[PDB]
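Understanding the architecture of this molecule
One letter stands for each residue in the lines below.
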Amino acid sequence: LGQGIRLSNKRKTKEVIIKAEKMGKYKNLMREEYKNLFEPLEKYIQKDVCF
Amino acid sequence: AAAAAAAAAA
Amino acid sequence: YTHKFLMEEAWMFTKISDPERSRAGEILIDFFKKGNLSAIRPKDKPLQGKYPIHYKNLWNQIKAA
Amino acid sequence: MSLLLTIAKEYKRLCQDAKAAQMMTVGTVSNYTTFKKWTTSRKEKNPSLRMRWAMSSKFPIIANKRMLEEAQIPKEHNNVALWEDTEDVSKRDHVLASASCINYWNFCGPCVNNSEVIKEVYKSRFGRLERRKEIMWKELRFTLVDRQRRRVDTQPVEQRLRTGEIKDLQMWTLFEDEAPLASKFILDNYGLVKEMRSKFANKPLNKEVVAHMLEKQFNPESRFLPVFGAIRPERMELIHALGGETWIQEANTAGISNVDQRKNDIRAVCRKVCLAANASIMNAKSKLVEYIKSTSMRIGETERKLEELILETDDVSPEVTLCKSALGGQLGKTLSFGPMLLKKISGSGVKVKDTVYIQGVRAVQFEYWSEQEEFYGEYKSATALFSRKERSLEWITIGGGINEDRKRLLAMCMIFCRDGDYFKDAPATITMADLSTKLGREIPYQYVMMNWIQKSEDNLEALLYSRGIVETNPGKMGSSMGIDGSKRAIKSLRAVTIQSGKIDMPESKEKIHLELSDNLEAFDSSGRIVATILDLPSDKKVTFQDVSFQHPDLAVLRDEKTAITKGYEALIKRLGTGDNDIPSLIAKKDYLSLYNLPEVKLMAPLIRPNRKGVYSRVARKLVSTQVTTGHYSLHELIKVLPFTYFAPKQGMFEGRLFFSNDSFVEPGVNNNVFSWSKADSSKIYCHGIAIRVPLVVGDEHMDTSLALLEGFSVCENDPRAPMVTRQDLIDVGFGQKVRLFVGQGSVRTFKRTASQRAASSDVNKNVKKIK
């Protein structure tokens, strides 16, 4: 998949790095575009990788 | 004003 | 203006170069400072500045260095 | 016009009442200060509650009348009554009015273009906002040990000064009409006078307000405050939003005013000056004072003397103490030993002499102290508390942050403690440290082994091991101090315990001053060895925008450049006293005597011979064309004058660059040789500066032509001299005794004078003669 996504506040202080494995943990926490692209690919998704 | 170099340490 | 330097409005300071003095090119400003360059200082209140006091302090650190 | 008349008639009415007449006649004018204190003493018991009771009424407020009728309609929009003709409650010329009218004139009032006037009056406050604009932010939480008491400048501003002198500035900038002629501050510190008086004098608004706000503008508030360890005075302004017991914030130190580094630059200046006094031990008292009064500091926006900075500076460094000791400034409550600072909280005792052995089988006297004494140690990133009894440390506790700095605290305080082990270590001390090489001067021994420890890394380990070492008991685990400065508490030093936290700093309001010994030692308070000789041995010379003078022992002075600059200084300095000097010649409009002046003949041989006449023609031209009044630049006359002496020839070749021993001086065009400063009276010749105060009418000096024009002095009251207003003083020529109103009502008489000279040296030389 790749490097993954990062979480931030409006504070620009704390950032939380996510692995490509743990995307499906945060789920809807990502922006609606990320969710719309992500949800269909959960069918073919594996732990680190997409088939 | 066509005047570029200016300042000289001298 | 996206260029890293200013073109049209940029200003020049002329110095007749010595081969052994200017060969360094780092010392070029050290020999420049023995001229009139060292005296120039900006006022605390800038025109159109975003971060005036920071830049002014840094300028003084350059002149002192 | 009737504004003065009605005041005169009011005075007539008042002195017609005998009860007021006698109390007006008897005594000095100072009685006003008492008279004002006799009124409006009644204050309401309730701070807010009474004010609530006041604003409850619809027409409580006392407000002026004339201005409202002049600008705006007294009647309302909504038909709620606003104004009456009745004056009620207290009887004063103001007629009462409702509160909401203020809001109305704030809404529809006809006013324009007040914006620029406001800010530079309050630039203290407006600047304290400007600084908050540029910073960044981060938030966290911790249990934070703040440094409980530091007396530290808060709200710092450039060119900070004492209360009396700032009162002088207040009087001069507010109004000229009643002011004393105040020498010390106005002569030396002029050019801040020009700026402040220039901006605030022209637009007469809120006189009292602007005064009392400028009082606070230059006055850093140094209070006893908790700090979490960022000691820059800029962070002190807003600590609350930044730090506290549970607070933390980030991204601060960057933005600061230019003062914080300038103070450190002054510390380096005092370093070099004290080194100059250290070079020659023939006399250290007479030379250092010369090095002080001669040096001129350039603050970012203003030129100011080194004397008035040193004496009146807030921060007391080990060097700054030495520089003040030469002058009459009293700054006490400070102990300086090497890099370390100390304060004495307890006990007392006498200095005693004890000769103890070194390892080289030689005996040297050691002056020690027998007292039970509790002092507070202060070192970089570390604080501690020590108590010594009978030349040995009794109790010790360390509050330091960093391990290395803790070890340094321990060491240095052991040096000041001077135990017996101090004598046992002597690895090659005698070959060098014993005799300092300065005119064969033996350097004191405490500082000897201090320097031996500052030498190398193992010398610290030596005396660190010289203390008793024991494995500490349980319960001392956190307090125990390792040899390398850690808390592991396997092996620890004896008679020392670390504290988890910082240690509070004592404060005392005290002033003590005494003369210094010839070796740069200050025995003030009949002992106490506060001067620590030389704190740090930095051999470096680096300066930026700094002035020196009078055989500085540093060579910046070329032969040709001293010929040019001294040749100018003869002309500039020697003129202004009287007739046959520049001012009387300019007032006579006669420029021929000005050409022939004997000080110009001194400068004549240094010009380039090729164009000498070609230069002289244009020079004489410029001087002659400025003889018409109001068109003449008084600096350009000094710049142009020296070349006029030679017989003008018709060159037709441009004389812009005047070679004086192969260096050019252009009209205007401030350069290395001649610096022409705008909007203040000074000038810079290479690395040094000179100016002549008494007579400058140069057109840009309009704001102080009343302040600058004074070279006068007081003589006698005998002649009846027409009472001349301060603006009429420029007209009366030289040798003319005139009568003038001074200050708060005391009236005296003057003439055009040779200025006050040798304020200090006149006494100093006779005091030296009497021995």
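Each remark here, short or long, concerns the structure printed above.
So, a few notes on the structure that sits alongside this text. (Residues numbered from 1 in each chain as written, not as in the entry; some residues may be left out. Chains lettered and ligands numbered in written order. Part of a larger assembly, values for the part shown. Heavy atoms only, no water.)

Next up on the list: the interface of chain D and chain C. The interface is formed by twelve residues belonging to chain D together with 13 residues belonging to chain C. Between chain D and chain C, the buried area comes to about 1400 Å², and carbon and sulfur atoms account for 41% of it. Area buried by chain D at its contact with chain C is led by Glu134(D), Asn258(D) and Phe544(D), which between them contribute 45% of it. Put simply, chain D and chain C have five residue pairs in polar contact between them. Residue composition of the side of chain D that touches chain C, grouped by class: three nonpolar, five polar and four charged. (Contact = heavy atoms within 4.5 Å. Buried area = accessible area lost by both parts, 1.4 Å probe. Polar contact = N/O pair within 3.5 Å; in protein donor to acceptor, adjacent residues only side chain to side chain. Nonpolar A, V, L, I, M, F, W, Y, C, P; charged D, E, K, R; others polar.)

With that settled, the discussion passes to helix 23 (residues 559-574) of chain D. Residues and elements named next belong to chain D. The terminal C-alpha atoms of helix 23, which comprises 16 residues, lie 22 Å apart, in line with the 22 Å expected from a rise of 1.5 Å per residue. For helix 23, the complete set of buried residues consists of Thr562, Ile564, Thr565, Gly567, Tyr568, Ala570, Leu571 and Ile572. The secondary structure elements touched by the buried residues of helix 23 are helix 26 (598-603), helix 28 (634-640) and strand 23 (683-685). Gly576 occupies a position one or two residues after helix 23 and carries a positive phi of about 110°. (Helix = DSSP H or I, 4+ residues; strand = E, 2+ residues; numbered from the N terminus. Expected span 1.5 Å × (residues − 1). Buried < 20%, exposed > 50% of the residue type's maximum accessible area, 1.4 Å probe, protein only.)

What follows covers the state of the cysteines. Structurally, a disulfide amounts to a covalent bond that connects the sulfur atoms of two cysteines. Residue and element names in this part refer to chain D. On inspection of all chains with the given rule, the structure shows one disulfide over all chains. Across a sulfur-sulfur distance of 2.0 Å, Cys270 and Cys323 are joined as a disulfide pair. Between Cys270 and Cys323 the disulfide shows an S-S torsion of about 110°. By sign, it is right-handed. Taken together, the positions of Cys270 in helix 14 (residues 259-279) and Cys323 in helix 17 (residues 318-325) put the pair 53 residues apart, joining distant regions of the chain. No difference in accessibility class separates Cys270 from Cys323, as the two residues are buried. No disulfide involves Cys108; its sulfur sits 11 Å from that of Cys111, the nearest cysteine. The class of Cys108 is partly exposed, set by a relative accessible area of 44%. (Disulfide = S-S within 2.5 Å.)

In this section: the packing of helix 18 (residues 403-417) of chain D against helix 22 (residues 458-466) of chain D. Residue and element names in this part refer to chain D. Axis separation between helix 18 and helix 22 bottoms out at 10 Å; the angle between their running directions is 70°. In terms of axis orientation, helix 18 runs roughly perpendicular to helix 22. Judged by residue contacts, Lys407, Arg408, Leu410, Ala411, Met414 and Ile415 of helix 18 engage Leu460, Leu463, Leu464 and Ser466 from helix 22. Of the residues that constitute the contact of helix 18 with helix 22, the class distribution is seven nonpolar, one polar and two charged. (Axes fitted to C-alpha atoms, helices over the stretch in contact; angles between N-to-C directions. Parallel < 35°, antiparallel > 145°, perpendicular 65-115°, else oblique.)

Bringing the side chain of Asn219(D) into the picture now. Structurally, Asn219(D) is set in the loop between helix 12 (207-217) and strand 4 (221-227). Not counting residues within four places of it along the chain, the set of residues in contact with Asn219(D) comprises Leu161(D) and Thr163(D).

Residue and element names in this part refer to chain D. Positioned with a positive phi, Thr532 is a non-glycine residue whose angle comes to about 50°. By the element assignment, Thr532 lies in the loop between strand 20 (521-522) and strand 21 (546-547). On the accessibility criterion, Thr532 (8% relative accessible area) is buried. A positive phi angle is found at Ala758, which is not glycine, with a value near 55°. For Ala758, the location among the structural elements is in the loop between strand 27 (746-751) and helix 29 (761-770).

Let's shift gears to the sheet that holds strand 5 (residues 296-299) of chain D. All names here are of chain D. Taken together, the three strands give an open sheet; going across it, the order is 6-5-21, and neighbouring strands pair in antiparallel fashion. Looking at which strands have only one partner, the edges of the open sheet turn out to be strand 6 (302-305) and strand 21. As defined by bridge partners, strand 5 adjoins strand 21 across two bridges and the pair is classed as antiparallel. Within the sheet, the bridge partner assigned to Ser296 lies in strand 21 and is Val547. (Pairing = 2+ DSSP bridges.)

Residue and element names in this part refer to chain C. There is a patch of nonpolar side chains on the surface, built from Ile40, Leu58, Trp59 and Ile62 and spanning about 400 Å² of accessible area. Among the secondary structure elements, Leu58 is positioned in helix 3 (residues 52-64). Residue class for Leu58 comes out partly exposed when judged on its relative accessible area of 44%. (Patch = residues over 30% accessible without salt bridge, like charges linked within 9 Å, V, L, I, M, F, W, Y side chains within 5 Å. Areas by Shrake-Rupley, 256 points an atom, 1.4 Å probe, with all protein chains shown as cover. Salt bridge = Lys/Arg side-chain N within 4 Å of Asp/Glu carboxyl O.)

What follows deals with the sheet that holds strand 25 (residues 713-714) of chain D. All names here are of chain D. The three strands lie next to each other as 25-27-26, forming an open sheet whose pairing is antiparallel. Each of the sheet's edge strands pairs with one partner strand only, and the pair in question is strand 25 and strand 26 (738-742). When strand 25 meets strand 27, the two strands line up antiparallel, connected through two bridges. Residue pairing for strand 27: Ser713 is matched across the bridge by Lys751.

Moving on to the environment of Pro719(D). Relative to the helices and strands, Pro719(D) resides in the loop between strand 25 and strand 26. Distance in space between the C-alpha atoms of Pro719(D) and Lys58(D) is 63 Å, their sequence separation being 661 residues.

Moving on, we come to the nonpolar core. Residue and element names in this part refer to chain D. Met340, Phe386, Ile398, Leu409 and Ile415 are the most contacted members of the largest nonpolar core, which totals 36 residues. When residues of this core are assigned to their parent elements, the largest contribution, nine residues, is made by helix 18. Judged by nonpolar contacts, the second largest core, of 29 residues, contains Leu594, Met603, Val640 and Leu641. (Core = buried A, V, L, I, M, F, W, Y, C linked by side-chain atoms within 4.5 Å.)

Looking now at the arrangement of the chains. Considering every one of the four pairs of chains in contact, the largest contact total is recorded for chains C and D. With no contact between them, chain A and chain B keep their nearest C-alpha atoms 46 Å apart. For chain A and chain C, which are not in contact, the least C-alpha distance works out to 20 Å.

Together, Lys43(C), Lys45(C), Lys119(D), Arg132(D) and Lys133(D) make up a positively charged patch on the protein surface. If you trace the backbone, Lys119(D) turns up in helix 7 (residues 115-119). When its relative accessible area of 38% is taken as the criterion, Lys119(D) is described as partly exposed. (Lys, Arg positive; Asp, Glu negative; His and termini not counted. Charge placed at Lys NZ, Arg CZ, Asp CG, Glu CD.)

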